[PDB]
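Novice: Following this: a sequence and the matching experimental structure.
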Amino acid sequence: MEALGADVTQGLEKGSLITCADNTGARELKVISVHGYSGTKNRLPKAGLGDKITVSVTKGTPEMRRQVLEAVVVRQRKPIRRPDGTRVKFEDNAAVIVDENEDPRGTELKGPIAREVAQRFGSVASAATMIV
Amino acid sequence: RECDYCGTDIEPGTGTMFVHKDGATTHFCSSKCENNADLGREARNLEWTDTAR
Amino acid sequence: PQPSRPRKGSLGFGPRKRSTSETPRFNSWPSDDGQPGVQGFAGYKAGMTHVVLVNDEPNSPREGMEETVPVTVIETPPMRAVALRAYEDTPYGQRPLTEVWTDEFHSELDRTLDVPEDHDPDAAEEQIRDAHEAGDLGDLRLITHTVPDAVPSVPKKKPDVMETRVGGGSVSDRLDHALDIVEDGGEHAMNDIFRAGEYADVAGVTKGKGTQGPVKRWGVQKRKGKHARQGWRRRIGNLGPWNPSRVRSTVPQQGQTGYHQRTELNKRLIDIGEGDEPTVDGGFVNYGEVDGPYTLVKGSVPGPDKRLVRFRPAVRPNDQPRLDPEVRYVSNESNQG
RNA sequence: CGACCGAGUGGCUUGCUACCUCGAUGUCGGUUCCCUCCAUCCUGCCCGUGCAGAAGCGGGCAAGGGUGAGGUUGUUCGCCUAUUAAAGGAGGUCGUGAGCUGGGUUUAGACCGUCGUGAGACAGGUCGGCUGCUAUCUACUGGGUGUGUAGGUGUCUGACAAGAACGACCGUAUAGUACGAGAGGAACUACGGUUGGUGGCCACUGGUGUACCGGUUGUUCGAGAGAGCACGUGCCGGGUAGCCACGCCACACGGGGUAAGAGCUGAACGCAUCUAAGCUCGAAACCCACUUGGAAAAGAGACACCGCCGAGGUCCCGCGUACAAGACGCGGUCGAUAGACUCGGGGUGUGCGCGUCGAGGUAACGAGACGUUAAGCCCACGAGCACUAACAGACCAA
RNA sequence: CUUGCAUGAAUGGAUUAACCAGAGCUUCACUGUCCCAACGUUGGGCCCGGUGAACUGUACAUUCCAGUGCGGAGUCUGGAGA
RNA sequence: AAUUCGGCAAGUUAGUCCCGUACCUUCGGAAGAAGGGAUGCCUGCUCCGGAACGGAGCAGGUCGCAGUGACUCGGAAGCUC
Ligand SMILES: [Cl-]
Ligand SMILES: [Cl-]
Ligand SMILES: [K+]
Ligand SMILES: [Mg+2]
Ligand SMILES: [Mg+2]
Ligand SMILES: [Mg+2]
Ligand SMILES: [Mg+2]
Ligand SMILES: [Mg+2]
Ligand SMILES: [Mg+2]
Ligand SMILES: [Mg+2]
Ligand SMILES: [Mg+2]
Ligand SMILES: [Mg+2]
Ligand SMILES: [Mg+2]
Ligand SMILES: [Mg+2]
Ligand SMILES: [Mg+2]
Ligand SMILES: [Mg+2]
Ligand SMILES: [Mg+2]
Ligand SMILES: [Mg+2]
Ligand SMILES: [Mg+2]
Ligand SMILES: [Mg+2]
Ligand SMILES: [Mg+2]
Ligand SMILES: [Mg+2]
Ligand SMILES: [Mg+2]
Ligand SMILES: [Mg+2]
Ligand SMILES: [Mg+2]
Ligand SMILES: [Mg+2]
Ligand SMILES: [Mg+2]
Ligand code: NA
Ligand code: NA
Ligand code: NA
Ligand code: NA
Ligand code: NA
Ligand code: NA
Ligand code: NA
Ligand code: NA
Ligand code: NA
Ligand code: NA
Ligand code: NA
Ligand code: NA
Ligand code: NA
Ligand code: NA
Ligand code: NA
Ligand code: NA
């Protein structure tokens, strides 16, 4: 993929429960896999900011629940490093549901976003309320 | 830059930037300031703080 | 079905034993390209800080922008090429033929060497040119030593001797070039060899850590779960199969870790200068105050503070040189905090 | 794609045999850690196609590297999910219990079903049910003391030895191009990043930090002040140095020779023919390149200087860039090696005492608030500084 | 649901509130069980003075790679290394 | 909880007072179900009682990140055999 323009310490694992920052109808999401990743023996597969993950819907509307969909990580508690040395961290862990073409499934995003996510998913960013 | 807590100057190539739920932003100079804030304390009430001084 | 997995550690840096010479010894030299010249210099590790630079990389989407980069500070005072040694080509490899010395020696060179009181700088030189005429001349290298006395932060006054190769134009021309550097008094500086912005190979003897176990030494796992509570916490499962009925040297065991020689490639030189611009408030921890001939190396360097580190022009650079990077800020903040 | 029939190779399954062990070679499955095989799953390079392209299908060379995470089940096996370049198989006493685990098989207790007159049985199920030992030898990982080469100091050489020190992926430009009715849809090359592996480092972020400073509960020292105990910090808050990873730095290209394969010249055989002689190319594979070890390489090495009555060394003393003993490195008054003192640079968070305020209370009394006071206390770092201690001095040696 | 290889009525059948260091499964909370390990504390370990056993011992013994042999060899055979 | 046969080991919760409390049930119980709030010190007081160096409350003031401040001190709910 295109370079993020920042270093990321993955703060999420396979099985992690995170926040779905949108209005698709899904509230809580569970990470199942990370696109393009292949780890090593005994290592629990990891995900972080700017990564595209496969997810299952834990909470939300009856229809959205149990559905296996794709998503993009937008915010994470573990710190990341900007090119100027400064560290940046968020209040929670969140991702936005997305389709085959990387276009947000919902109509609106809930909460802030990392400027770095724009360099990868412009159509997701071009729906952002706040880009920090 | 200047620490949004103690007020001293943040040495370049140093510090952290916490992003709040609403999208607000707080640049910290050191862990000490981060931790005092987490206790619910306010820089103006601490004598060692430039803000307070 | 037992998943596949790469082995613990590398078999290429052994045997993992204590280094014989604390002073590193390069086993490779650059190619003879441009003009003649010495292919290496040395200094003493001081400590680290950070700097702000303008993006030099023409292929970066950020070129021209600010960028924070970590730097290891190294004091690089002038050294002295005290002699010119020549090698001859024989059916058994290269062998030392003869050496050419001087009269001007440092006041404390006698703390290590038995300084020459009677020498013949001509007979030796003659022998070298005769051999060159014969087409048996191998290569040309200068015997160099540092001046620890110049660096106050370093306790030792007793110099560090090392043989550095000289390469360049024609054998004849660099033979002459060498002779000149020596005759003077051998005095030379980092400027004469390196320019800010080039890539160098830094060698050194790492920080010793005495005896250590397999987990640390080889990077093997700790016992997991229930196994970690039985009587074994940091010991590998087995020393090998039933047959072969012997312990193979490839299995991870305990021993000496650190204090080995390593040669780290493609280290970029950020700035060669003098004075006290890079010194830290309160002094570098466990080292002291820097004020004089120094060198700013990108990233880390093998070894602890005070240890002798050697420079050599990168023998296998991955990129092209981008000279004199624009430095906008050198942190002087205290390293205590 | 491929029946029938025919000829084989392996030694993973199963069966047969009864050679070895019954004065015992500890079970299955798993785990950890090391080496290997090729009948190749991916990755390199090739050939054919019912090969337009793109995606395939089949075949050749090839064992460098890789081949991962999970849900049921003790399971091996196998079924299932989401990822992936791919998530290949097999050997090492079905590798591995003087390494671990103990869920299954297969002790003694008990239940159910079937069988039995009954004790009891079952190649049926089920709950419970123990893991001994101070390493003599050999083997390897690391550390020393001697002898050989036959005075010492410093610098090297390189027979050999180890390496995966690197493997792989995504993206951009090429290009919505070549190809194609259209749908769809590449490549050489150049760039940016990710992942797995590897070596080192701590400016930055993070952890620790029973150094340190502060708050506060219970109790004892009459109160106050200042302190002890409460597991080897009572608890709570912050945390320097160092050590660390979750942090940061570095890890080719290119040559040489080949395999499969593509060809040149070319004969036996006037022609043809990549081959028989000769030659041009051509694999992640081989050799070099690069990193690490390496004068005990018995052909036991080379050079320069000092010295053979004196060069150099051990002991001693102050210390660590070093360290389990030993070893290693540095300084020793021709001195800044350690300590004291003073600065500087740091950690806490405003000392005791006094003064004012203080809800109230006749008063006594009074939790607490402001000031004095970036105060008080503290430091595993640096500088200054010979004040103190590196003194006296012993021995070996051509 | 059920055709029960081979359930069934005091060889007791069905069933059940309360009780349980009894067998199986699920959720919230929690966490170094794990990802993936780090630093620290106390007692040992290591060096020194004193005290001072036992297990085991046909012999020889610096081994490695193959082979052979009663088909699972430090000792036989050929090499290699030392 | 991704660990493992299995959450084994460790951890979590915790004292007291007020509010409040499901299915089922042999009507006893289930039940501390669950869930929610409070908690120190200083000042002056009210009520019960003969009184306590007994107990229950009120008003105002006031410090800390934290008032069962250490210690002491349950993790909870459901299904089946
Ligand atoms: Cl996955
Ligand atoms: Cl284990
Ligand atoms: K037997
Ligand atoms: Mg596993
Ligand atoms: Mg045990
Ligand atoms: Mg620091
Ligand atoms: Mg800082
Ligand atoms: Mg045995
Ligand atoms: Mg083959
Ligand atoms: Mg192999
Ligand atoms: Mg076995
Ligand atoms: Mg195996
Ligand atoms: Mg064994
Ligand atoms: Mg055993
Ligand atoms: Mg044992
Ligand atoms: Mg069992
Ligand atoms: Mg069982
Ligand atoms: Mg059982
Ligand atoms: Mg002899
Ligand atoms: Mg104590
Ligand atoms: Mg009856
Ligand atoms: Mg599980
Ligand atoms: Mg598992
Ligand atoms: Mg338990
Ligand atoms: Mg009364
Ligand atoms: Mg408590
Ligand atoms: Mg059952
Ligand atoms: Na034990
Ligand atoms: Na134990
Ligand atoms: Na065994
Ligand atoms: Na056969
Ligand atoms: Na026997
Ligand atoms: Na086993
Ligand atoms: Na291979
Ligand atoms: Na399985
Ligand atoms: Na066996
Ligand atoms: Na076993
Ligand atoms: Na056992
Ligand atoms: Na080649
Ligand atoms: Na020798
Ligand atoms: Na019956
Ligand atoms: Na009982
Ligand atoms: Na722990």
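Specialist: In hand now; what should we look at? Residues are numbered from 1 along each chain as shown, chains lettered A, B, ... in the order given. Ligands and ions are numbered 1, 2, ... in the order given.
Novice: What strand or helix carries residue C:177?
Specialist: Element membership for residue C:177, per DSSP states H and E: helix C:171-184.
Novice: Does that helix reach RNA strand D?
Specialist: No: legend: contact between helix C:171-184 and RNA strand D by CB under 7 Å from any atom of the strand is lacking; minimum distance shown is 12.4 Å. All C-beta atoms are positioned from the backbone trio N, CA, C, and that covers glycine.
Novice: which secondary structure elements does that helix contact?
Specialist: strand C:37-38, strand C:79-90, helix C:123-134, strand C:137-145, strand C:161-167 (3 or more CB pairs under 8 Å, 6 or more residues apart in numbering or on different chains; DSSP states H and E).
Novice: What parts of the stretch 51-200 of chain C come near chain B?
Specialist: Contact residues, the stretch 51-200 of chain C versus chain B (CB under 8 Å from any CB of the partner chain): C:52, C:68.
Novice: For the residue of the stretch 51-200 of chain C found nearest RNA strand D, list each beta-bridge partner.
Specialist: Nearest residue of the stretch 51-200 of chain C to RNA strand D, counting by CB to the nearest atom of the strand: residue C:93, 2.4 Å away. Beta-bridge partners for residue C:93, by DSSP bridges, are residue C:90, residue C:91.
Novice: for chain A, what spans make up the strands?
Specialist: In chain A, the strands defined using DSSP state E lie at A:7-8, A:12-13, A:17-20, A:26-34, A:46-47, A:52-60, A:68-75, A:80-81, A:87-89, A:94-98, A:112-113, A:130-131.
Novice: from chain B, which residue is nearest to chain C?
Specialist: residue B:13 (3.8 Å; CB to the nearest CB).
Novice: quick one: contacts for that residue?
Specialist: Going by CB atoms under 8 Å, 6 or more residues apart in numbering or on different chains, residue B:13 touches A:84-86, C:50, C:52, C:68, C:331.
Novice: List buried residues within these.
Specialist: Buried subset of these (neighbour count, 16 or more other CB atoms under 10 Å in any protein chain shown): A:85-86, C:50, C:52, C:68, C:331.
Novice: In these, find the pair that's most separated.
Specialist: A:86 and C:331 (14.0 Å; CB to CB).
Novice: how about the helices and strands packed on helix C:171-184 in CSV, adding distance to residue C:176?
Specialist: As requested, the helices and strands packed on helix C:171-184 are exported to CSV (distance: least, CB to CB, whole Å):
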stretch, distance to residue C:176
strand C:37-38, 12
strand C:79-90, 10
helix C:123-134, 10
strand C:137-145, 10
strand C:161-167, 11
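Novice: Now render these as JSON lines, adding mean neighbour count and distance to residue A:35.
Specialist: Output for those, formatted as JSON lines (neighbours: other CB atoms under 10 Å in any protein chain shown; distance: least, CB to CB, whole Å):
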{"stretch": "strand C:37-38", "mean neighbour count": "20", "distance to residue A:35": "52"}
{"stretch": "strand C:79-90", "mean neighbour count": "22", "distance to residue A:35": "54"}
{"stretch": "helix C:123-134", "mean neighbour count": "14", "distance to residue A:35": "64"}
{"stretch": "strand C:137-145", "mean neighbour count": "21", "distance to residue A:35": "54"}
{"stretch": "strand C:161-167", "mean neighbour count": "19", "distance to residue A:35": "50"}
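Novice: For ligand 1, tell me which of the contacts of residue B:13 show up nearby.
Specialist: Among the contacts of residue B:13, not one lies near ligand 1 by CB under 5 Å from the ion.
Novice: Grab the two from those that are most spread out in space.
Specialist: A:86 and C:331 (14.0 Å).
Novice: Now do the SS call for residue B:44.
Specialist: helix (DSSP: H, G, I helix; E, B strand; the rest coil).
Novice: For the nearest residue to it once chain neighbours are set aside, list the residues it contacts.
Specialist: Closest residue to residue B:44 apart from its sequence neighbours, by CB to CB, 6 or more residues apart in numbering or on different chains: residue B:52 at 5.2 Å. With contacts defined as CB under 8 Å, 6+ apart, residue B:52 is in contact with B:43-46.
Novice: any idea which of those is closest to residue B:17?
Specialist: residue B:43 (17.0 Å).
Novice: What count of nearby residues applies to the closest one?
Specialist: 18 (other CB atoms under 10 Å in any protein chain shown).
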